[PDB]
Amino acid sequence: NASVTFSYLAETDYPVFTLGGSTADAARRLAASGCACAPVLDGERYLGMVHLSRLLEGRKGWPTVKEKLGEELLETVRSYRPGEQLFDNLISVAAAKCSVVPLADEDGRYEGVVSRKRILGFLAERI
C-alpha cells in the first residue's frame, strides 16, 4: 500500500469551526463529541487547530455567548494535501499534538481531517 494517499482516510464528519465564531458553541461541540481538538477555518481556508483545554483555560465555567474564536487561540500546525502519500508522513502524524491532522489543498482550502484511529485501523490489517 506504499502509494496510498491521505485522501483515502479523509473525514469531513468531524467538528470544524469558523474564525470569529461562537467559542461557547465550539467548546460544547468538542466536549460532546469526544474530540479534544478541531480545525478552524477562515472562509474555506484551514487556519489552525483549536483545543478544548485552551477554550476552558483559566475559567471555571463555559465560554459565554460573547466570546469569539480569535486567531490567537489557534495552534497553526501543518496540514497535508489529499494527494500526499500517507507512508511518507507517519512520523510527523504520530508526533502531532491533535489526534487528527488537517487536509488542505494547494490553495489552503480545507479538505477534511485524517485521524490516528483510522490510520491505525488501516495499518493493523496489513502490518
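Just count from 1 along the sequence shown to find any residue number.
S.K.: In the PDB record, does 46 to 54 or 68 to 76 carry the higher mean Cα temperature factor?
M.R.: Per the PDB record, 68 to 76.
S.K.: Averaged over C-alpha atoms, is the B-factor higher for 95 to 103 or for 59 to 67 in this PDB entry?
M.R.: In the deposited entry, the stretch with the higher C-alpha B-factor mean is 59 to 67.
S.K.: Where does the C-alpha B-factor of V114 rank in its chain, lowest, middle or highest third?
M.R.: Answer is lowest: the recorded C-alpha B-factor places it there.
S.K.: Pull the Cα B-factor of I127 out of the PDB entry and bin it into the chain's lowest, middle or highest third.
M.R.: For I127, the deposited C-alpha B-factor lands in the highest third.
S.K.: What third of its chain, lowest, middle or highest, does the C-alpha temperature factor of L120 fall into?
M.R.: CA B-factor rank for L120: lowest third.
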